[PDB]
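If you read the protein sequences in the order shown, they are chains A and B.
For the first sequence, counting from 1, position 13 maps to 13 in the deposited numbering; every step adds exactly one.
For the second sequence, counting from 1, position 20 maps to 20 in the deposited numbering; every step adds exactly one.
The beta carbon of each residue, even a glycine, is placed where N, CA and C say it ideally should be.
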Amino acid sequence: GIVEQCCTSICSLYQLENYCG
Amino acid sequence: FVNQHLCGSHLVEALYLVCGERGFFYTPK
Numbered sequence: 001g002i003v004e005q006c007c008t009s010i011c012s013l014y015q016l017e018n019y020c021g
Numbered sequence: 001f002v003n004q005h006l007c008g009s010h011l012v013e014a015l016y017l018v019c020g021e022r023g024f025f026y027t028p029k
């Protein structure tokens, strides 16, 4: 989930935007 | 600012700035 993708590894815009409404 | 390790409030801030009026969901698990 987001923590594994963005906190414990390096985040990306692609991934963040999957969590936008 | 997004292409780094982002945790806790730093992650929430990034979602807030990127998502804007779309809103977002933060589900840390």
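Same chain only: Cβ atoms within 7 Å of residue i, ignoring 5 sequence neighbours per side
i, result
"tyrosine 19 (chain A)", "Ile2"
"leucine 6 (chain B)", "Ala14"
Own chain partners of residue i with C-beta closer than 8 Å, once the 5 adjacent residues on each side are dropped
i, result
"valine 12 (chain B)", "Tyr26"
"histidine 10 (chain B)", "none"
Neighbour flag for residue i against chain B, beta carbons, 7 Å
i, result
"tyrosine 14 (chain A)", "no"
Min CB distance residue i to chain A below 7 Å
i, result
"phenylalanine 24 (chain B)", "yes"
"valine 12 (chain B)", "no"
Same chain, Cβ closer than 6 Å to residue i, neighbours up to 5 away in sequence not counted
i, result
"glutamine 5 (chain A)", "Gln15"
Beta-bridge partners of residue i, as assigned by DSSP
i, result
"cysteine 20 (chain A)", "B:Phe24"
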